[PDB]
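What follows is the content of query-v1.tsv (TSV, C-alpha atoms and all ligand atoms).
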chain	number	residue	atom	x	y	z
A	4	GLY	CA	27.99	49.27	-67.89
A	5	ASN	CA	27.72	45.74	-69.27
A	6	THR	CA	31.34	45.04	-70.21
A	7	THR	CA	33.49	42.07	-69.22
A	8	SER	CA	36.94	41.87	-70.81
A	9	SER	CA	39.03	38.70	-70.74
A	10	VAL	CA	42.81	38.45	-70.86
A	11	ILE	CA	44.56	35.28	-71.97
A	12	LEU	CA	47.40	34.26	-69.69
A	13	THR	CA	50.52	32.28	-70.50
A	14	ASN	CA	51.45	29.42	-68.17
A	15	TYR	CA	55.15	28.76	-67.91
A	16	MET	CA	55.81	25.41	-66.24
A	17	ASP	CA	52.94	25.92	-63.80
A	18	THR	CA	55.10	28.40	-61.87
A	19	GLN	CA	54.80	31.69	-63.79
A	20	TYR	CA	51.47	33.07	-65.02
A	21	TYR	CA	51.33	36.32	-66.99
A	22	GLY	CA	49.43	38.10	-69.71
A	23	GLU	CA	49.89	41.06	-72.01
A	24	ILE	CA	49.10	44.78	-71.84
A	25	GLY	CA	49.67	47.63	-74.25
A	26	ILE	CA	51.20	50.94	-73.22
A	27	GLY	CA	51.29	54.17	-75.19
A	28	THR	CA	50.28	55.37	-78.64
A	29	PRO	CA	50.89	53.42	-80.64
A	30	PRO	CA	50.76	50.58	-78.08
A	31	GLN	CA	53.98	49.05	-76.81
A	32	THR	CA	53.27	45.51	-75.63
A	33	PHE	CA	54.50	44.05	-72.37
A	34	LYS	CA	54.24	40.69	-70.63
A	35	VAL	CA	53.16	41.37	-67.04
A	36	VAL	CA	52.10	39.55	-63.89
A	37	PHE	CA	48.66	40.47	-62.57
A	38	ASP	CA	49.33	40.49	-58.88
A	39	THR	CA	46.65	40.79	-56.20
A	40	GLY	CA	49.37	40.97	-53.57
A	41	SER	CA	50.56	44.35	-54.80
A	42	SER	CA	49.09	47.54	-56.18
A	43	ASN	CA	51.58	49.28	-58.46
A	44	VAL	CA	51.95	49.04	-62.24
A	45	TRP	CA	55.46	49.05	-63.68
A	46	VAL	CA	57.53	47.98	-66.68
A	47	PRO	CA	61.23	48.27	-67.58
A	48	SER	CA	62.21	51.67	-69.01
A	49	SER	CA	64.28	52.48	-72.11
A	50	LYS	CA	66.27	54.61	-69.67
A	51	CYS	CA	67.29	51.52	-67.72
A	52	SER	CA	71.01	50.96	-68.19
A	53	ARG	CA	72.12	47.83	-70.03
A	54	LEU	CA	74.37	47.58	-66.98
A	55	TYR	CA	71.29	45.80	-65.67
A	56	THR	CA	71.16	42.51	-67.54
A	57	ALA	CA	67.44	42.21	-66.80
A	58	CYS	CA	67.02	45.32	-68.95
A	59	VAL	CA	68.94	43.74	-71.79
A	60	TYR	CA	66.69	40.67	-71.86
A	61	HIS	CA	63.27	42.30	-71.29
A	62	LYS	CA	61.08	44.75	-73.22
A	63	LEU	CA	61.69	48.42	-72.42
A	64	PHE	CA	59.14	51.23	-72.60
A	65	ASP	CA	60.21	54.16	-74.79
A	66	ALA	CA	58.25	57.21	-73.69
A	67	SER	CA	59.43	59.20	-76.71
A	68	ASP	CA	57.58	56.79	-79.02
A	69	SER	CA	54.17	57.49	-77.45
A	70	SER	CA	52.06	60.53	-78.33
A	71	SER	CA	49.79	59.93	-75.34
A	72	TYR	CA	52.75	59.88	-72.93
A	73	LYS	CA	52.69	62.46	-70.17
A	74	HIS	CA	55.76	63.20	-68.06
A	75	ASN	CA	55.84	63.08	-64.27
A	76	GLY	CA	59.27	62.00	-63.11
A	77	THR	CA	58.61	61.42	-59.41
A	78	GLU	CA	60.91	58.74	-58.01
A	79	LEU	CA	59.46	55.33	-57.25
A	80	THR	CA	60.96	52.44	-55.30
A	81	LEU	CA	59.13	49.12	-54.93
A	82	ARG	CA	60.41	46.58	-52.43
A	83	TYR	CA	58.97	43.09	-52.78
A	84	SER	CA	60.13	40.22	-50.56
A	85	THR	CA	62.06	38.82	-53.52
A	86	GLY	CA	63.83	42.01	-54.53
A	87	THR	CA	63.60	45.74	-55.19
A	88	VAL	CA	63.08	47.82	-58.30
A	89	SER	CA	63.30	51.59	-58.70
A	90	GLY	CA	62.63	54.22	-61.32
A	91	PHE	CA	60.21	57.10	-61.82
A	92	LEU	CA	56.52	57.72	-62.50
A	93	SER	CA	55.10	58.23	-65.99
A	94	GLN	CA	51.53	58.56	-67.24
A	95	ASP	CA	50.20	56.96	-70.42
A	96	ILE	CA	47.26	55.02	-71.84
A	97	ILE	CA	47.18	51.33	-70.94
A	98	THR	CA	45.07	48.70	-72.67
A	99	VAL	CA	44.16	45.49	-70.87
A	100	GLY	CA	41.73	43.24	-72.70
A	101	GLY	CA	39.31	45.48	-74.55
A	102	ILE	CA	39.54	48.14	-71.87
A	103	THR	CA	41.63	51.29	-72.15
A	104	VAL	CA	42.63	53.40	-69.14
A	105	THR	CA	44.90	56.37	-68.45
A	106	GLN	CA	47.24	55.03	-65.79
A	107	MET	CA	50.18	56.27	-63.72
A	108	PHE	CA	52.93	53.61	-63.65
A	109	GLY	CA	56.59	53.03	-62.92
A	110	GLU	CA	59.27	53.18	-65.56
A	111	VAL	CA	61.87	50.94	-63.94
A	112	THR	CA	65.51	51.93	-64.36
A	113	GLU	CA	67.01	49.65	-61.73
A	114	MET	CA	66.26	45.95	-61.97
A	115	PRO	CA	68.40	43.35	-60.11
A	116	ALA	CA	69.43	40.11	-61.81
A	117	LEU	CA	67.93	38.25	-58.85
A	118	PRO	CA	65.12	37.58	-59.38
A	119	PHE	CA	64.38	39.23	-62.72
A	120	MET	CA	66.81	37.36	-64.94
A	121	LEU	CA	64.49	34.45	-64.10
A	122	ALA	CA	61.32	36.35	-65.07
A	123	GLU	CA	59.50	35.25	-68.23
A	124	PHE	CA	57.52	38.50	-68.01
A	125	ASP	CA	58.59	42.15	-68.21
A	126	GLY	CA	56.55	43.93	-65.53
A	127	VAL	CA	53.65	43.70	-63.12
A	128	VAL	CA	50.12	45.01	-62.88
A	129	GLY	CA	49.18	45.15	-59.21
A	130	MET	CA	45.54	44.20	-58.64
A	131	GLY	CA	45.61	45.14	-54.96
A	132	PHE	CA	44.02	48.12	-53.20
A	133	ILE	CA	45.22	51.72	-53.16
A	134	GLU	CA	46.04	51.16	-49.48
A	135	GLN	CA	49.03	49.06	-50.60
A	136	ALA	CA	50.06	51.32	-53.47
A	137	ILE	CA	53.50	52.84	-53.00
A	138	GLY	CA	53.46	56.58	-53.69
A	139	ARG	CA	49.68	56.37	-53.38
A	140	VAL	CA	49.37	55.96	-57.13
A	141	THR	CA	45.78	55.05	-57.97
A	142	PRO	CA	45.75	51.34	-58.89
A	143	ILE	CA	44.68	50.43	-62.39
A	144	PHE	CA	41.53	48.54	-61.33
A	145	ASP	CA	40.45	51.62	-59.38
A	146	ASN	CA	40.84	53.68	-62.55
A	147	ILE	CA	38.84	51.08	-64.48
A	148	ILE	CA	36.02	51.08	-61.93
A	149	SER	CA	36.00	54.87	-62.31
A	150	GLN	CA	35.16	54.40	-65.98
A	151	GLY	CA	31.84	52.76	-65.14
A	152	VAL	CA	32.14	50.28	-68.00
A	153	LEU	CA	32.23	47.08	-65.92
A	154	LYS	CA	29.14	44.90	-65.53
A	155	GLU	CA	30.33	44.25	-61.98
A	156	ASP	CA	33.17	45.64	-59.88
A	157	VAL	CA	34.91	42.28	-59.66
A	158	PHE	CA	37.71	40.48	-61.46
A	159	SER	CA	38.54	36.77	-61.61
A	160	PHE	CA	41.41	34.36	-62.24
A	161	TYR	CA	41.59	31.02	-63.97
A	162	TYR	CA	45.00	29.36	-63.83
A	163	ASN	CA	45.29	26.13	-65.82
A	164	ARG	CA	47.55	23.12	-65.45
A	165	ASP	CA	50.42	23.10	-67.96
A	166	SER	CA	49.73	20.98	-71.03
A	167	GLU	CA	52.15	19.92	-73.77
A	168	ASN	CA	49.36	20.73	-76.24
A	169	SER	CA	49.70	23.72	-78.58
A	170	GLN	CA	46.30	25.29	-77.94
A	171	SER	CA	45.54	24.71	-74.25
A	172	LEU	CA	44.65	27.93	-72.44
A	173	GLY	CA	47.33	28.64	-69.83
A	174	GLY	CA	44.99	30.83	-67.85
A	175	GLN	CA	42.44	33.64	-68.00
A	176	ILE	CA	41.49	36.80	-66.18
A	177	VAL	CA	38.09	38.41	-66.54
A	178	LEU	CA	37.46	42.05	-65.70
A	179	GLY	CA	33.83	42.55	-64.77
A	180	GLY	CA	32.91	39.01	-63.79
A	181	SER	CA	33.77	35.32	-63.98
A	182	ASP	CA	33.76	32.73	-66.76
A	183	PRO	CA	31.43	29.82	-65.88
A	184	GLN	CA	33.25	27.79	-68.53
A	185	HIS	CA	36.14	27.44	-66.09
A	186	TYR	CA	34.31	26.78	-62.85
A	187	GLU	CA	31.58	24.35	-61.83
A	188	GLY	CA	28.89	24.88	-59.22
A	189	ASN	CA	28.50	28.13	-57.29
A	190	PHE	CA	30.90	30.53	-55.61
A	191	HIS	CA	31.47	30.14	-51.89
A	192	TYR	CA	32.05	33.72	-50.72
A	193	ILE	CA	34.27	34.84	-47.85
A	194	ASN	CA	34.44	38.41	-46.54
A	195	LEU	CA	37.77	40.23	-46.40
A	196	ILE	CA	39.10	40.90	-42.92
A	197	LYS	CA	39.28	44.53	-44.03
A	198	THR	CA	39.23	46.56	-47.21
A	199	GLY	CA	42.73	47.29	-48.52
A	200	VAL	CA	44.15	43.77	-48.86
A	201	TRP	CA	42.92	40.57	-50.53
A	202	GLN	CA	43.18	38.67	-47.25
A	203	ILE	CA	40.72	36.52	-45.30
A	204	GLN	CA	40.71	34.59	-42.05
A	205	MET	CA	41.67	30.92	-41.93
A	206	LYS	CA	40.48	28.62	-39.15
A	207	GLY	CA	43.08	25.93	-39.71
A	208	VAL	CA	45.31	23.88	-42.00
A	209	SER	CA	45.03	20.10	-41.98
A	210	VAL	CA	47.60	17.49	-43.00
A	211	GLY	CA	45.91	14.15	-43.47
A	212	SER	CA	43.23	14.01	-40.79
A	213	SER	CA	44.99	15.82	-37.93
A	214	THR	CA	44.17	19.53	-38.01
A	215	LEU	CA	47.80	20.21	-37.31
A	216	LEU	CA	48.54	23.85	-38.09
A	217	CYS	CA	46.92	27.23	-37.56
A	218	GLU	CA	44.88	25.37	-34.97
A	219	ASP	CA	43.63	28.63	-33.47
A	220	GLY	CA	43.26	30.79	-36.56
A	221	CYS	CA	45.54	32.68	-38.93
A	222	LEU	CA	45.50	34.84	-42.06
A	223	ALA	CA	45.40	33.89	-45.73
A	224	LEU	CA	46.47	36.24	-48.50
A	225	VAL	CA	44.92	35.21	-51.82
A	226	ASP	CA	47.85	36.06	-54.00
A	227	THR	CA	47.81	35.65	-57.74
A	228	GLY	CA	51.41	36.81	-58.04
A	229	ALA	CA	52.54	33.94	-55.80
A	230	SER	CA	53.61	30.71	-57.52
A	231	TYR	CA	53.51	28.38	-54.52
A	232	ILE	CA	51.50	28.31	-51.34
A	233	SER	CA	53.51	29.97	-48.60
A	234	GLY	CA	53.31	29.77	-44.85
A	235	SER	CA	55.54	31.02	-42.04
A	236	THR	CA	58.79	29.15	-41.50
A	237	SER	CA	57.50	27.62	-38.28
A	238	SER	CA	54.23	26.49	-39.86
A	239	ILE	CA	56.03	25.18	-42.93
A	240	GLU	CA	58.67	23.38	-40.87
A	241	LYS	CA	55.90	21.42	-39.14
A	242	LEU	CA	54.00	20.79	-42.36
A	243	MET	CA	57.10	19.54	-44.16
A	244	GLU	CA	58.00	17.40	-41.15
A	245	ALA	CA	54.57	15.80	-41.32
A	246	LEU	CA	55.14	14.97	-45.01
A	247	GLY	CA	58.69	13.67	-44.57
A	248	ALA	CA	59.83	16.41	-46.95
A	249	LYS	CA	63.44	17.55	-47.11
A	250	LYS	CA	64.68	21.11	-47.18
A	251	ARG	CA	66.90	21.97	-50.15
A	252	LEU	CA	68.40	25.38	-50.98
A	253	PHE	CA	65.50	26.74	-53.08
A	254	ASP	CA	62.65	24.28	-52.42
A	255	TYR	CA	61.25	21.32	-50.50
A	256	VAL	CA	61.41	17.83	-52.01
A	257	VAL	CA	60.18	14.29	-51.47
A	258	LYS	CA	61.24	11.07	-53.15
A	259	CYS	CA	59.18	11.08	-56.34
A	260	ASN	CA	58.02	7.52	-55.80
A	261	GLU	CA	56.26	8.43	-52.56
A	262	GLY	CA	54.74	11.75	-53.60
A	263	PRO	CA	51.44	10.12	-54.69
A	264	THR	CA	50.78	8.54	-51.29
A	265	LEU	CA	51.50	11.73	-49.32
A	266	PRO	CA	48.51	13.06	-47.31
A	267	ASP	CA	45.92	15.62	-48.36
A	268	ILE	CA	46.34	19.18	-47.14
A	269	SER	CA	43.17	21.12	-46.37
A	270	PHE	CA	42.76	24.83	-45.81
A	271	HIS	CA	39.75	25.71	-43.68
A	272	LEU	CA	38.21	28.80	-45.23
A	273	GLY	CA	34.81	30.36	-44.61
A	274	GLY	CA	33.51	27.27	-42.85
A	275	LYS	CA	34.54	24.92	-45.65
A	276	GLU	CA	37.47	22.58	-46.24
A	277	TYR	CA	39.56	23.36	-49.32
A	278	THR	CA	41.61	20.32	-50.10
A	279	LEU	CA	44.64	19.77	-52.26
A	280	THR	CA	45.90	16.24	-52.86
A	281	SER	CA	49.56	15.36	-53.33
A	282	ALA	CA	48.74	15.28	-57.04
A	283	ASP	CA	47.85	18.96	-56.57
A	284	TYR	CA	51.06	19.96	-54.81
A	285	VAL	CA	53.86	17.62	-55.92
A	286	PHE	CA	55.66	18.31	-59.22
A	287	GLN	CA	55.90	14.72	-60.35
A	288	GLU	CA	58.72	14.77	-62.92
A	289	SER	CA	58.99	11.02	-62.47
A	290	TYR	CA	58.01	8.36	-59.94
A	291	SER	CA	61.51	7.01	-59.37
A	292	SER	CA	62.65	6.36	-55.81
A	293	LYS	CA	66.07	7.63	-56.90
A	294	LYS	CA	64.91	11.14	-57.84
A	295	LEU	CA	63.62	14.02	-55.75
A	296	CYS	CA	60.40	15.88	-56.57
A	297	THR	CA	59.58	19.51	-55.67
A	298	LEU	CA	56.52	20.57	-53.65
A	299	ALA	CA	54.64	23.69	-54.77
A	300	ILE	CA	54.71	24.90	-51.17
A	301	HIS	CA	57.37	26.88	-49.30
A	302	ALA	CA	58.09	29.23	-46.43
A	303	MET	CA	57.72	33.00	-46.67
A	304	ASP	CA	57.80	35.22	-43.60
A	305	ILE	CA	55.72	38.24	-44.53
A	306	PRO	CA	56.26	41.17	-42.14
A	307	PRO	CA	53.52	43.17	-40.44
A	308	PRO	CA	51.23	44.85	-41.10
A	309	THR	CA	50.30	42.28	-43.77
A	310	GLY	CA	51.95	39.25	-42.20
A	311	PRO	CA	52.40	36.94	-40.49
A	312	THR	CA	50.22	35.27	-43.11
A	313	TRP	CA	49.89	32.31	-45.42
A	314	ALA	CA	49.68	33.14	-49.10
A	315	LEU	CA	47.39	31.15	-51.37
A	316	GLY	CA	49.20	31.23	-54.71
A	317	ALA	CA	48.88	29.43	-58.04
A	318	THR	CA	49.11	26.00	-56.42
A	319	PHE	CA	45.74	26.84	-54.84
A	320	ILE	CA	44.14	28.97	-57.55
A	321	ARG	CA	44.67	26.19	-60.12
A	322	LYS	CA	42.17	24.06	-58.24
A	323	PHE	CA	39.85	26.88	-57.20
A	324	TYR	CA	38.76	29.54	-59.70
A	325	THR	CA	38.96	32.80	-57.77
A	326	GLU	CA	36.71	35.86	-57.92
A	327	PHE	CA	37.90	39.10	-56.29
A	328	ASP	CA	34.87	41.24	-55.46
A	329	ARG	CA	35.60	44.91	-54.83
A	330	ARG	CA	31.98	45.97	-54.43
A	331	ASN	CA	31.32	43.60	-51.54
A	332	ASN	CA	34.87	43.25	-50.19
A	333	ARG	CA	34.82	39.49	-50.53
A	334	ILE	CA	36.53	36.65	-52.36
A	335	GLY	CA	34.69	33.79	-54.02
A	336	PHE	CA	35.98	30.30	-54.67
A	337	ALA	CA	34.54	27.79	-57.11
A	338	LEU	CA	36.02	24.51	-58.37
A	339	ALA	CA	38.13	25.17	-61.46
A	340	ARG	CA	37.85	23.35	-64.79
A	401	LIG	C1	53.19	40.02	-53.56
A	401	LIG	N1	52.59	39.08	-54.51
A	401	LIG	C2	53.37	37.85	-54.74
A	401	LIG	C3	54.73	38.12	-55.45
A	401	LIG	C4	54.59	38.79	-56.85
A	401	LIG	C5	55.89	39.13	-57.61
A	401	LIG	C6	55.58	39.78	-58.98
A	401	LIG	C7	56.87	40.14	-59.80
A	401	LIG	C8	57.90	41.01	-59.01
A	401	LIG	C9	58.17	40.53	-57.51
A	401	LIG	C10	56.83	40.14	-56.76
A	401	LIG	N2	55.44	36.87	-55.64
A	401	LIG	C11	56.36	36.25	-54.81
A	401	LIG	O1	56.69	36.73	-53.73
A	401	LIG	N3	56.86	35.04	-55.32
A	401	LIG	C12	57.83	34.24	-54.60
A	401	LIG	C13	59.18	34.64	-55.34
A	401	LIG	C14	59.04	34.20	-56.84
A	401	LIG	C15	57.74	34.80	-57.62
A	401	LIG	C16	57.63	34.30	-59.15
A	401	LIG	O2	57.47	32.86	-59.17
A	401	LIG	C17	56.34	34.92	-59.81
A	401	LIG	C18	55.98	34.61	-61.29
A	401	LIG	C19	54.71	35.28	-61.86
A	401	LIG	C20	53.40	34.91	-61.13
A	401	LIG	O3	53.23	33.52	-61.13
A	401	LIG	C21	52.06	33.11	-60.46
A	401	LIG	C22	58.90	34.70	-59.99
A	401	LIG	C23	59.81	33.82	-60.72
A	401	LIG	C24	60.95	34.40	-61.44
A	401	LIG	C25	61.18	35.84	-61.45
A	401	LIG	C26	60.28	36.75	-60.73
A	401	LIG	CL1	60.57	38.41	-60.74
A	401	LIG	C27	59.15	36.23	-60.00
A	401	LIG	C28	56.47	34.42	-56.67
A	402	LIG	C1	53.42	63.90	-60.74
A	402	LIG	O1	52.43	63.38	-59.83
A	402	LIG	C2	52.37	64.15	-58.60
A	402	LIG	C3	51.45	63.40	-57.64
A	402	LIG	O2	50.12	63.32	-58.12
A	402	LIG	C4	51.93	65.59	-58.91
A	402	LIG	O3	51.93	66.37	-57.69
A	402	LIG	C5	50.71	66.86	-57.25
A	402	LIG	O4	50.22	67.81	-58.21
A	402	LIG	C6	48.94	68.38	-57.84
A	402	LIG	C7	48.51	69.29	-58.98
A	402	LIG	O5	49.37	70.41	-59.11
A	402	LIG	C8	49.07	69.13	-56.50
A	402	LIG	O6	47.80	69.63	-56.11
A	402	LIG	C9	49.60	68.18	-55.42
A	402	LIG	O7	49.82	68.90	-54.22
A	402	LIG	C10	50.91	67.55	-55.89
A	402	LIG	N1	51.39	66.60	-54.91
A	402	LIG	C11	52.45	66.89	-54.16
A	402	LIG	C12	52.19	67.27	-52.71
A	402	LIG	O8	53.60	66.87	-54.60
A	402	LIG	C13	52.91	66.22	-59.91
A	402	LIG	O9	52.43	67.50	-60.30
A	402	LIG	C14	53.08	65.33	-61.15
A	402	LIG	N2	54.15	65.86	-61.98
A	402	LIG	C15	53.87	66.57	-63.08
A	402	LIG	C16	54.90	67.58	-63.53
A	402	LIG	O10	52.83	66.42	-63.71
A	403	CL	CL	51.09	26.63	-36.62

Could you write out this file's structure as structure tokens?
Amino acid sequence: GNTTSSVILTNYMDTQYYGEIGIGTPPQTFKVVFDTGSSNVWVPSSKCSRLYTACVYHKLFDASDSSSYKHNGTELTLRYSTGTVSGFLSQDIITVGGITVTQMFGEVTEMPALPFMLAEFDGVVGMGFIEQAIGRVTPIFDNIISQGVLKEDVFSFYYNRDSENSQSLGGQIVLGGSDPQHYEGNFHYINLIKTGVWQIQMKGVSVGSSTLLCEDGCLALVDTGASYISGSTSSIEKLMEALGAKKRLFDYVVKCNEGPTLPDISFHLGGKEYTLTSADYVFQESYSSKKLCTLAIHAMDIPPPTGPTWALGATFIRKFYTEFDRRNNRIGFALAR
């Protein structure tokens, strides 16, 4: 085909990016994260007990209001690092952008307060491969490719910096291609290590000039559902030590007044140096020496098979517009704008 649909994304404080999909007939709208690190679609169910506070404060899907709804009922449990949800499988029509696909998804009936009482979105749309799909449910992008409507079998992410301004696009995904209005120059392409996970090799990670970490190679998951860049505890410990950063309960901080003069951090990908300055990775609420400012980087120990691995989240994708290419099993980076 020749189609490329775009989906507008909301940017909440430069930490949560999500868009909107419609489920059912007539369509019930949900705010969802589009997550390349996972492969299942799910939203909270009307059958989720209000005993779960997350299901009081988020949109629920009511199967009995959709004429296109088709019952399945098989149990589903999804364990992410940050917490588990459970429920059962349902089939219905899902619209994303201008596209409309019949999709199997989770109706979630168990939804823990941590982390979901902190979620500004209702559910997630996993943009990963069927290899990572729990229950081997066919991922939504696979079902879209099957339609043969897409100009190209790729999708791309633009995440924007948060702006007080009313308009200001928080972010954008394109199904079928990439929007040259939000990247300059050409895509540098890097092959996946293997099909089945949006992960590439990384030759090193530099702090300042000294190529300090990952000196002899490591993995990089390009993860749109991740808010910060993550590395292994032991990598991150070193990195934070280099920066003089202090470990708090939920984050790493520096004195705000010194954030600006902290060193660059470069990720060596596909033969090229991808650099983030301290302006890229410090949340500079102020520049006072009496306040502490959060870094958009933290530790996450991801278990095998996928880990140990770094994850390149929104901190990274903000600077580099990212194209996920399913036809060629590669990822492209171009400077964002
Ligand atoms: C596998 N991929 C990475 C994984 C995805 C995540 C999707 C929702 C359900 C759980 C798994 N994110 C992840 O591990 N993060 C670190 C913990 C906080 C997340 C996150 O910041 C993500 C916000 C949306 C995306 O922003 C870019 C957050 C905050 C509050 C509540 C929840 Cl629910 C999740 C980002
Ligand atoms: C829910 O989905 C499951 C998984 O796709 C369906 O189970 C499969 O159904 C097909 C068609 O009858 C069988 O060929 C497979 O062997 C089934 N998988 C197995 C081994 O369980 C199930 O039928 C769906 N539920 C309903 C009632 O539609
Ligand atoms: Cl290391």

All residues 8 Å or closer to residue A:45, all atoms listed in the file, same chain fewer than 3 positions away omitted, as a list in words: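 Contacts, in chain order: residues 108, 109, 110, 111, 126, 127 and 128 of chain A.
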
What residues of the protein or nucleic acid chains come within 6 Å of ligand LIG 401 (chain A) when you use only C-alpha atoms and all ligand atoms? Reply as a list in words.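 The residues within 6 Å of ligand LIG 401 (chain A), counting only C-alpha atoms and all ligand atoms, are residues 18, 19, 20, 36, 38, 40, 41, 83, 84, 85, 118, 119, 121, 122, 127, 226, 227, 228, 229, 230 and 317 of chain A.
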
How many Å lie between atom CA of residue A:297 and atom CA of residue A:270, rounded to one decimal?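 Taking atom CA of residue A:297 as the start and atom CA of residue A:270 as the end point, the length is 20.2 Å.
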
Need to verify the contact set: residue A:181, 8 Å, all atoms listed in the file, exclusion of same-chain residues closer than 3 positions in sequence. Can you return it as an NGL selection string? :A and (158-160 or 177-178 or 326)

Within 8 Å of ligand CL 403 (chain A): each chain A residue with its shortest pair, all atoms listed in the file, as CSV:
residue,atom,partner,partner_atom,distance
A:215,CA,A:CL403,CL,7.2
A:216,CA,A:CL403,CL,4.0
A:217,CA,A:CL403,CL,4.3
A:218,CA,A:CL403,CL,6.5
A:237,CA,A:CL403,CL,6.7
A:238,CA,A:CL403,CL,4.5
A:241,CA,A:CL403,CL,7.5

Environment of ligand LIG 402 (chain A) within 10 Å, counting only C-alpha atoms and all ligand atoms, reported as a ChimeraX atom specification: /A:73-78,91-94,107,138-141

10 Å contact set for residue A:291, only C-alpha atoms, chain neighbours under 6 positions out, as a PyMOL selection string: chain A and resi 258-261

Write stretch 65-79 of chain A as a short mmCIF file (atom, residue, chain, number, x, y, z; two decimals), in the frame of the given file, completed to N, CA, C and O atoms.
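Output file part_7.cif is given in full below:
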data_model
loop_
_atom_site.label_atom_id
_atom_site.label_comp_id
_atom_site.auth_asym_id
_atom_site.auth_seq_id
_atom_site.Cartn_x
_atom_site.Cartn_y
_atom_site.Cartn_z
N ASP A 65 59.56 52.97 -74.24
CA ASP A 65 60.21 54.16 -74.79
C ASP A 65 59.19 55.29 -74.82
O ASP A 65 58.36 55.36 -75.73
N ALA A 66 59.26 56.17 -73.83
CA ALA A 66 58.25 57.21 -73.69
C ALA A 66 58.20 58.08 -74.95
O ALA A 66 57.14 58.56 -75.35
N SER A 67 59.36 58.27 -75.59
CA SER A 67 59.43 59.20 -76.71
C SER A 67 58.84 58.60 -77.98
O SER A 67 58.85 59.24 -79.03
N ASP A 68 58.32 57.37 -77.90
CA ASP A 68 57.58 56.79 -79.02
C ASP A 68 56.06 56.86 -78.84
O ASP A 68 55.32 56.43 -79.72
N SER A 69 55.60 57.40 -77.71
CA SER A 69 54.17 57.49 -77.45
C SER A 69 53.67 58.92 -77.44
O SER A 69 54.19 59.77 -76.72
N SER A 70 52.63 59.19 -78.24
CA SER A 70 52.06 60.53 -78.33
C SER A 70 51.14 60.82 -77.15
O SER A 70 50.86 61.98 -76.83
N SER A 71 50.66 59.77 -76.50
CA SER A 71 49.79 59.93 -75.34
C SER A 71 50.59 60.00 -74.03
O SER A 71 50.00 60.17 -72.96
N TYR A 72 51.91 59.87 -74.12
CA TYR A 72 52.75 59.88 -72.93
C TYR A 72 52.78 61.23 -72.24
O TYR A 72 52.89 62.27 -72.89
N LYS A 73 52.68 61.22 -70.92
CA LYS A 73 52.69 62.46 -70.17
C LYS A 73 53.67 62.38 -69.00
O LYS A 73 53.53 61.55 -68.12
N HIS A 74 54.66 63.27 -69.01
CA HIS A 74 55.76 63.20 -68.06
C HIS A 74 55.36 63.49 -66.61
O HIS A 74 54.53 64.35 -66.34
N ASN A 75 55.99 62.77 -65.68
CA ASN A 75 55.84 63.08 -64.27
C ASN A 75 57.21 63.13 -63.60
O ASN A 75 57.65 64.19 -63.16
N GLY A 76 57.88 61.99 -63.53
CA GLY A 76 59.27 62.00 -63.11
C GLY A 76 59.51 61.76 -61.63
O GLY A 76 60.67 61.67 -61.19
N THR A 77 58.44 61.66 -60.84
CA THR A 77 58.61 61.42 -59.41
C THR A 77 59.23 60.04 -59.21
O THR A 77 58.88 59.07 -59.89
N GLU A 78 60.16 59.96 -58.27
CA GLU A 78 60.91 58.74 -58.01
C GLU A 78 60.02 57.67 -57.39
O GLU A 78 59.18 57.96 -56.54
N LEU A 79 60.21 56.44 -57.82
CA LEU A 79 59.46 55.33 -57.25
C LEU A 79 60.39 54.18 -56.90
O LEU A 79 61.24 53.79 -57.70
#
